[PDB]
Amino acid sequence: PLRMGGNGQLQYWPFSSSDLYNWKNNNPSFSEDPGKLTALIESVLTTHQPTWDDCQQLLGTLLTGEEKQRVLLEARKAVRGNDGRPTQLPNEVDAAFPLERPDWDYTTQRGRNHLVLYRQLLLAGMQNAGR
């Protein structure tokens, strides 16, 4: 998670495992009722401002292997080029929604913008995988 520190600088801390497991245990599986976890994750993406690694823990903990895969491919399918249209260009897809750890630095506007987009695409992925 990230939060704005008292000094005007973002501050990082890892998710407590109790939160992750509580979220899991108080909801149906994604397959049973996708709306439940999707709404929970949409909320957390905002309040907890997760990094890319944090998102991997969210997904890894709340979804099964098969569910996560569906979501990730759905998220990559939601990437748009600069012309606002879908794109399947590897470099564009990889840049927006990387499958391997990116070098995004949350102390930079560049890093922050990628994080914003990543979270937006993650949500889209879940919404579409649910449907």
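From 1 onward, residues are counted along the sequence shown.
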TODO: Would you tell me which stretch averages the higher CA B-factor in the PDB entry, 8-16 or 103-111?
DONE: 103-111
TODO: Name the higher of the two by mean Cα B-factor in the PDB entry, 43-51 versus 73-81.
DONE: 73-81
Task: Residue of maximum C-alpha B factor among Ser31, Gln57, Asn27, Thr38, per deposited coordinates - done: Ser31
Open item on the list: How does the C-alpha B factor of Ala129 compare with the rest of the chain: lowest, middle or highest third?
Closed with: highest
